[PDB]
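The chain below stands alone and is given as structure tokens, in the form deposited in one PDB entry.
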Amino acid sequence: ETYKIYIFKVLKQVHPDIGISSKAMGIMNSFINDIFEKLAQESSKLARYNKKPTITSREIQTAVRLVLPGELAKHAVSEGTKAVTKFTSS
């Protein structure tokens, strides 16, 4: 289990005619693991503040707002909110 096939699908969406080396794809996969863990650990700390046994979209969203720099955070929240709204309406 890695994110690499999914990274590759996103690469071809944003740059249809640009490829990627093995080591570059390793670096990309490591970024996704690193941010996954940062956001999961912050979500864990928030859930404890709230005495909450479940991590929900509310904790992920707050984790994104605290961990990501401001402009990336604003756009990431827009994307996460959009995906959950599309999922709920499917």
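Superpose the two forms; the largest set of C-alphas matching within 1.5 Å is the rigid core. Residue numbers here begin at 1 and follow the sequence given.
(message) Regarding 41-49 and 60-68, which shows the higher C-alpha temperature factor on average in the entry?
(response) Mean CA B-factor is higher for 41-49.
(request) Determine, for stretches 3-11 and 81-89, which one has the higher mean CA B-factor as deposited. (result) Mean B over CA atoms: larger for 81-89.
(request) Ordered by C-alpha B-factor within the chain, which third holds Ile55? Give me lowest, middle or highest, please. (result) It belongs to the highest third of the chain when residues are ordered by C-alpha B-factor.
Not on display, but discussed next: the form deposited in another entry.
(request) Could you tell me whether the Cα atom of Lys45 shifts by at least 2 Å between this form and the one not shown after core superposition? (result) Superposed on the core, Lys45 moves its C-alpha less than 2 Å between this form and the one not shown.
(request) Please check if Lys82 moves between this form and the one not shown, taking a CA shift of 2 Å or more relative to the superposed core as movement. (result) After core superposition, the displacement of the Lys82 C-alpha between this form and the one not shown reaches the 2 Å mark, so yes.
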